[PDB]
A.B. asks: 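One structure coming up, written as structure tokens, with questions to follow.
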Amino acid sequence: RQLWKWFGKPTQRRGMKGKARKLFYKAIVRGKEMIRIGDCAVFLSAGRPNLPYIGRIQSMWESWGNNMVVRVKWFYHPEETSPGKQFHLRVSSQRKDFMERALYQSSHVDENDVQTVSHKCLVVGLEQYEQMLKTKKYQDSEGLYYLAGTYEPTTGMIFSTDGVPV
Amino acid sequence: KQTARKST
């Protein structure tokens, strides 16, 4: 549908003019929606849309040839972690919407086309999430997730938000 | 662009 475009002027430039030039931007806009660096977003994916690609935006830039790029730090759904779904004491204390609403942060970063961004979402701490659920706007939790810890895809290890290997 | 890509 409609394309994301840059908001305003670049924040920074790298390289000489020409094929090596890179113009960095803090925000993209589409109609009345704005997404900025530090926000989390849902990305368009190929299939299985119960596991949307969700990432934190680290930086965005345009390179030569009208290429709009976003650098993304991916979150992982608990099903996606190598311990799988069956792995999810710790089981007792976890919310009953854990499989649907919890996300692990990771250090897995990728560069992607800005036009694969679908829409903004929120990934907050557990206590923040529970307080937001008491309200009316965030009643229904649309696009709202909470952080369950860290996943290391290279080792398969999961860590709590306190850094405790799980 | 059509769909995003993930490495591993």
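Residue numbers start from 1 in every chain, and the chains themselves are labelled A, B, ... in the order their sequence lines are given, proteins ahead of strands. Just the heavy atoms: all of them, side chains too, but no hydrogens, waters or symmetry mates, feed the values below.
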A.B. asks: Mind listing the closest non-hydrogen atom pair of A:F43 and B:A4 along with its distance?
C.D. replies: CB-CB, 3.9 Å

A.B. asks: What pairs with A:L23 under side chain to side chain contact (heavy atoms under 4.5 Å, CB included), at least two apart in sequence or on another chain?
C.D. replies: A:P10, A:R13, A:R21, A:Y25

A.B. asks: Verify the neighbour count for atom NZ of A:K26: are there more than 12 heavy atoms of other residues, nucleotides or ligands below 6.0 Å?
C.D. replies: no

A.B. asks: Going by side chain to side chain contact (heavy atoms under 4.5 Å, CB included), name the residues that satisfy it together with A:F24, two or more places apart in sequence or in a different chain.
C.D. replies: A:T11, A:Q12, A:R14, A:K22, A:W61

A.B. asks: Examine B:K6 relative to A:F75 and say whether NZ or CZ is less than 6.0 Å from the centre of the six-membered ring and inside a 45° cone about the ring axis.
C.D. replies: no

A.B. asks: Step through the shown structure and confirm whether more than 12 heavy atoms of other residues, nucleotides or ligands are within 6.0 Å of CZ on A:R56.
C.D. replies: yes

A.B. asks: Between A:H108 and B:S7, does any side-chain donor sit less than 3.5 Å from a side-chain acceptor?
C.D. replies: yes

